[PDB]
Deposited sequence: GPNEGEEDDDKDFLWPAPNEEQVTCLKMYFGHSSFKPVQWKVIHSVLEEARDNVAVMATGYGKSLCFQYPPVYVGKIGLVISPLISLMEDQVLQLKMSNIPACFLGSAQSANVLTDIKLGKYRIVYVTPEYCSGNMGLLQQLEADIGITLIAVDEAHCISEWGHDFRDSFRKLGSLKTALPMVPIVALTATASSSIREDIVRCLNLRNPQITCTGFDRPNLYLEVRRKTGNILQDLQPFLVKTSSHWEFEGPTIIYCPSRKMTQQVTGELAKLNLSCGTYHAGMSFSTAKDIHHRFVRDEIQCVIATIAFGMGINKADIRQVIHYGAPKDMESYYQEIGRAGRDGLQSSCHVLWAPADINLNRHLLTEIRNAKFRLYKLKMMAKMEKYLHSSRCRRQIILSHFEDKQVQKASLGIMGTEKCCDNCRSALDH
């Protein structure tokens, strides 16, 4: 199941390095997402993990035989990670003012794969980083406890604000900012204060008991299907901020057309609109000038909005992984939210036909497997949350979710099994 989520697939050399230096035979999907984006795209990342964090930033410099810099204020934990790396035959060291001249020389020569430094040491030694980059090449800079750069976080540190010059001093080096807080507002501050460019955001390890899951059959008559979600007001509206994800541009236009007849505060978003009208819809939704966005998969990434109360997939989703990213945008404030899929067998027939249009054979098989998992989820009588967590989350999140599973607030299948 985990291997199906890996896109693209790791090669043999990547797998051999993982077994030899990290004692693992396979990458976890979130680990692979960060690692692949660093190695192949030199992309900045924000990795939010609630508790295998170290592999994300330790594996890429070890694989390419270069240097990964790790910035952290947790001195004892850095010393322990240095020790664990050495026990696995990985040259690593903690570099600070008390280090020997002989150690800095081997760092300068590219003999150490991972170098741990405090933020204060890093701030006062930028020229050394420019020298390491020009002579050896820095694979990445990891910034641990990254929430410390935020003034509205719970642990602001003066030593962190100076890390905003890393991107200017080393423009080609990707930064992997790591934190254990899933706060949406702290994440936007991490991105801004570190000067990250189009960062890949990952967020994993958290159970989300505030997300109610439901799958229901459609009639195709749009208003008949959406009426149960609507509240007559003086016009009509949803309970709160809502996203309606559709499988095509035409469906976004038809759904928007029906809600516009009701004078509902809404806007359409798809990749066929002009840049200015897309920016307008995005801005109006985050400023709460519109309550509902009717969109294709093109809408969602980079949306800093914690109070999405409802996600509706109007039509069977085509891809299980995309569905997971989309529902993950609901209730980031921790308050009650709902994620509903309204589907019909005809949506699955059409989704399957469009899959034949993917010319790359390897990508078509990956998308076919994401589609088959989505179809199994839709037709299932089992707990929806159990299925989702089994595909995407670790055993501790699965174990932690056992409290909500089986109860009236879990999913539609737990509610039906109850009575």
Counting from 1 along the deposited sequence, the ranges with no C-alpha atoms are 1 to 8, 60 to 61, 245, 431
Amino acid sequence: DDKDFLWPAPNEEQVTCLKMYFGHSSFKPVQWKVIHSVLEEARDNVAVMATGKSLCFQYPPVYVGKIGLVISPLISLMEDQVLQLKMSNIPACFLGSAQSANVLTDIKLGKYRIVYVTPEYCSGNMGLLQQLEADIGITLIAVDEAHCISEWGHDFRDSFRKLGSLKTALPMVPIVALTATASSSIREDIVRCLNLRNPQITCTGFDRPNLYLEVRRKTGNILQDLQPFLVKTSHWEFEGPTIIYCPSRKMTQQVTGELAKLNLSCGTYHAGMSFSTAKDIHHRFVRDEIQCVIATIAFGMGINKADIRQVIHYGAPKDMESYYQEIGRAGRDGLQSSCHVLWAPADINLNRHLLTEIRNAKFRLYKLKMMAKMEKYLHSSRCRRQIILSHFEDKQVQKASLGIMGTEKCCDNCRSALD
From here on, numbers count along this sequence of modelled residues.
Assert higher mean C-alpha B factor (271 to 279 or 96 to 104, deposited values) equals 96 to 104
In the PDB record, does 126 to 134 or 151 to 159 carry the higher mean Cα temperature factor? 151 to 159
Reading the B-factor column for Cα atoms of 174, 241, 164, 315, the highest value belongs to 164
Could you check 211, 201, 194, 215 and tell me which one carries the biggest Cα B-factor in the deposited entry? 194
When the deposited Cα B-factors of this chain's modelled residues are ordered and cut into thirds, is residue 226 in the lowest, the middle or the highest one? lowest
Where does the C-alpha B-factor of residue 51 rank in its chain, lowest, middle or highest third? highest
For residue 44, the third of its chain by CA B-factor is the lowest
Which third of the chain holds residue 356 when residues are ordered by C-alpha B factor: lowest, middle or highest? highest
In terms of the CA temperature factor given in the entry, to which third of its chain does residue 340 belong: lowest, middle or highest? lowest
